[PDB]
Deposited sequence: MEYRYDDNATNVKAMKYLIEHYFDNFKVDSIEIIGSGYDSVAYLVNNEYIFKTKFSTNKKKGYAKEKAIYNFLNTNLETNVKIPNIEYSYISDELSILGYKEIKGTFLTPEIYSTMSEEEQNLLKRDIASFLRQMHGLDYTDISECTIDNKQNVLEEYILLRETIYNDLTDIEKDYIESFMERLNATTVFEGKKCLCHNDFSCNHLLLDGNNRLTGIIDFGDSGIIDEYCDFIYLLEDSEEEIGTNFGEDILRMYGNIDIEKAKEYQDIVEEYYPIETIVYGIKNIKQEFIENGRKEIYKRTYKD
């Protein structure tokens, strides 16, 4: 993989020489590479929006928090590559957080809240095409379910989905303030400097104009990978002027949707393994 990608980087970016290249991360349909111990290259076989977002934010944010600044891009239907200088630091984790003093933890939370406040406050007219309607997306995904596999699902599966749609239809949490959100704001995207302060934020690949509540979904998550509900709550108090009970209702609805989202990903990409994982996850959730 590394040789192919070294070839493509050198072929598409004329004067660029690859002296070293390793895989630094990978998703289910992308790979990220650290090149020359100094550049991140994110690749995929979309990136246009992500690039337009980095470029919008590097123009308009006033902050000492670093974000990707795109120096190299190649965008086509069949291949997309974004390259930028690696932001240096350590990724925030539960382990690191629990070793911080009370005052270190407070300052980190203040940093986060301040970043979010600043980004959510931007005039988003120049990026106004990047709208995301989560409720409408879910309805369209449900229609796709009904057109494909819904009738072969079990009753326990069908009840879970219907019960979710009844809840979606009763909620008011999509009727609030819209703004530009990171939209994948988990602690594996936050970088700390040597004083445990926020030095950088990565992966605005899902960013767009969407509910303000979106950027608290992971901050409020209780799981091995995130810090915890209390972290999110304190950040919400520092951020201010936001209904904390609704932020939590929004997180709770998104977490309920997860197995259905997983099924849908499998339908859209013809990956049976994902249809099966989501269906199984419905059974796991039902038997708590």
Q: Compare the deposited sequence with the modelled residues and state the ranges that are missing C-alpha positions.
A: 1-10, 56-61, 305
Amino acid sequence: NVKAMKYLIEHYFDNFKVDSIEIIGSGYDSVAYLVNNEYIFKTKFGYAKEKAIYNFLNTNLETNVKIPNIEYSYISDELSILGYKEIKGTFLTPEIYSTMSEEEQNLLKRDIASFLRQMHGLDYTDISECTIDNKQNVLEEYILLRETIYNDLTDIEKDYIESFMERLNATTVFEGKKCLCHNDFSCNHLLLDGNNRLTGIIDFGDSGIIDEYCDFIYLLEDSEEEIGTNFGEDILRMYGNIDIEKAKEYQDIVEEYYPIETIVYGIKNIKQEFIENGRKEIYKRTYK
From here on, numbers count along this sequence of modelled residues.
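Under this definition, the rigid core comprises the largest set of C-alpha atoms superposing within 1.5 Å between the forms.
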Q) Do the Cα atoms of 144-152 or those of 89-97 sit farther, on average, from the shown form in 7 other deposited structures of this protein after fitting on the core? A) 144-152
**Q.** Stretch departing more from the displayed form, 263-271 or 15-23, Cα RMS in 7 other deposited structures of this protein (core fit)
**A.** 263-271
Q. Per the PDB record, is the mean Cα temperature factor higher over 128-136 or over 99-107?
A. 128-136
Q) Out of 249-257 and 28-36, which stretch has the higher average CA B-factor listed in the record? A) 28-36
(Q) Looking at the C-alpha B-factor values in the deposited entry, which of 199, 151, 80, 183 comes out highest? (A) 151
Q: Just say lowest, middle or highest third for the CA B-factor of residue 171 relative to the other modelled residues in its chain.
A: middle
Q. How does residue 177 rank on Cα B-factor within its chain, lowest, middle or highest third?
A. highest
Q: Would you mind checking where the Cα B-factor of residue 215 ranks among the modelled residues of its chain, as the lowest, middle or highest third?
A: lowest
Q | B-factor third for the C-alpha atom of residue 67 within its chain | A | lowest
Q) Split the chain's modelled residues into thirds by Cα B-factor; is residue 147 in the lowest, middle or highest one? A) highest
